[PDB]
Amino acid sequence: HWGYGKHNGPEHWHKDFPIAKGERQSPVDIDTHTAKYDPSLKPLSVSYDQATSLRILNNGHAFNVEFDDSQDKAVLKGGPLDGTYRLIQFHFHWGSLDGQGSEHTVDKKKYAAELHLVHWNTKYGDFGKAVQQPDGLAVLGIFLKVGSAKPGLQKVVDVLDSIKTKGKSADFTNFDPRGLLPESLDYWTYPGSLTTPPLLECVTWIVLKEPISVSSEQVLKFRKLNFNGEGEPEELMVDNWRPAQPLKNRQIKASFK
Ligand SMILES: NCCCCNC(=O)c1ccc(S(N)(=O)=O)cc1
Ligand SMILES: [Hg+2]
Ligand SMILES: [Zn+2]
């Protein structure tokens, strides 16, 4: 099974998932001086007021907070998006050290972690159908830097103990995702893909310019999770990120200048 170890990491993925060497793979390095400011880009419209979190689960490679996507409860629209995208789940990618962890980089700079808010285009009926379309998903990427503690992240941090190993889950209702958003919504956008296998190229990436701050203690608890299942030898869940991929025939557009 794919992973992040020396023997099953990103460099091995192409063998089981040929698309790893595709034309629009993610993440990518964002060159701020080459990004094109596009005045036609509309502002982002994030409507998370009716968000309904359900559960938090350790899936062996990260922990996902799942949301009820049966109706337009938490949606994303505007920006470079055409149509409404529903929030289905959010996860993080982090490193073993504060100087690494993010998947996307800015001018080669790596952040301590990266939050991914995954959304699927509603015109496609369900997530399964969305992952078969070039415009099926929209992931909102947010960088995390170590500094002051993020209050809205604490409830997520406190529940990590119960989902220490792969396969474990815990009820996680009434969590407001808006507490994880930065002040500004300025972003960079480009067509890409999932950063983990199957690496499907169905994503319109929206990476926010402004990072959020989290405390050393908060990030530390992320590192206490396990890749392994209960009863198996312990493997600390750290460095679950993929290196930058070639931009190729793509242009990153900025909503700001
Ligand atoms: N068949 C589709 C795959 C099912 C499970 N994987 C996902 O849904 C998924 C979603 C977002 C990212 S990421 N990291 O790019 O936000 C990575 C993976
Ligand atoms: Hg696709
Ligand atoms: Zn991700």
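Reckoned from all heavy atoms, side chains included, excluding hydrogens, waters and symmetry mates. Residue numbers start at 1 and run along the sequence shown. Remember, it's 1-based here, ligands and their atoms both numbered in the order they're listed.
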Chemist: Would you please determine whether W205 falls within less than 4.0 Å of ligand 1 on a heavy-atom basis?
Modeler: yes

Chemist: Considering the heavy atoms of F127, write down every atom of ligand 1 situated less than 4.0 Å from one of them.
Modeler: 8 (O)

Chemist: Under 4.0 Å between a side-chain nitrogen and a carboxylate oxygen: does that hold for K248 and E23?
Modeler: yes

Chemist: At less than 4.0 angstrom from any non-hydrogen atom of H91, what atoms of ligand 1 do you find?
Modeler: 11 (C), 12 (C), 13 (S), 14 (N), 16 (O)

Chemist: In the protein, what heavy atom is nearest to atom 2 (C) of ligand 1, and what distance, to one decimal place, separates them?
Modeler: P198 CG, 3.9 Å

Chemist: Linking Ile, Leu, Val, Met, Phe, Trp and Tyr through side-chain heavy atoms less than 4.5 Å apart, which residues share a cluster with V75?
Modeler: none

Chemist: The Zn ion (ligand 3): which protein N, O or S atoms are under 2.8 Å away?
Modeler: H91 NE2, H93 NE2, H116 ND1

Chemist: Can you tell whether the side chains of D98 and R223 come within less than 4.0 Å, N to carboxylate O?
Modeler: yes

Chemist: Do you see a protein non-hydrogen atom under 4.0 Å from atom 6 (N) of ligand 1?
Modeler: no

Chemist: Show me which atoms of ligand 1 lie under 4.0 Å from any heavy atom of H93.
Modeler: 14 (N)

Chemist: Looking only at non-hydrogen atoms, which of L115, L194, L140 approaches atom 9 (C) of ligand 1 most closely?
Modeler: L194

Chemist: By the rule that ILVMFWY residues connect when side-chain heavy atoms come within less than 4.5 angstrom, directly or transitively, which residues belong alongside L194?
Modeler: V28, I30, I88, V106, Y111, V118, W120, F127, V131, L137, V139, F143, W188, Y190, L200, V203, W205, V207, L247, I252, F256

Chemist: Strictly inside 4.0 angstrom of atom 18 (C) of ligand 1, do you find any protein heavy atom?
Modeler: yes

Chemist: Kindly say whether the aromatic ring centers of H14 and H12 come within a distance under 6.0 Å.
Modeler: no

Chemist: Suppose I only count heavy atoms of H116 and a 4.0 Å limit; which atoms of ligand 1 are within that range?
Modeler: 13 (S), 14 (N), 16 (O)

Chemist: So, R86 and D69, do they make that salt bridge, N to O below 4.0 Å?
Modeler: no

Chemist: Could you tell me whether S26 approaches ligand 1 through its side chain, its backbone, both or neither, with non-hydrogen atoms closer than 4.0 Å?
Modeler: neither

Chemist: Linking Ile, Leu, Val, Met, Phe, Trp and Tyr by side-chain heavy atoms under 4.5 Å, what else ends up with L54?
Modeler: none

Chemist: If you count the non-hydrogen atoms of other residues, nucleotides and ligands that lie under 6.0 Å from NE2 in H1, is the total more than 12?
Modeler: yes

Chemist: To check you understand the geometry: which heavy-atom pair defines the closest contact between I212 and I142, and what is its length?
Modeler: CG2-CG2, 3.9 Å

Chemist: Is the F222-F63 ring centre distance short of 6.0 angstrom?
Modeler: yes

Chemist: Is it the case that the side chains of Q100 and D239 hold a donor-acceptor pair, with the cut-off being a distance below 3.5 Å and no angle test?
Modeler: yes

Chemist: Give the atoms of ligand 1, by number and element, whose distance to some non-hydrogen atom of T196 is under 4.0 Å.
Modeler: 17 (C), 18 (C)

Chemist: Between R55 and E66, is the closest basic N to carboxylate O distance under 4.0 Å?
Modeler: yes

Chemist: Report the member of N59, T195, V118 with the shortest heavy-atom distance to atom 15 (O) of ligand 1.
Modeler: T195

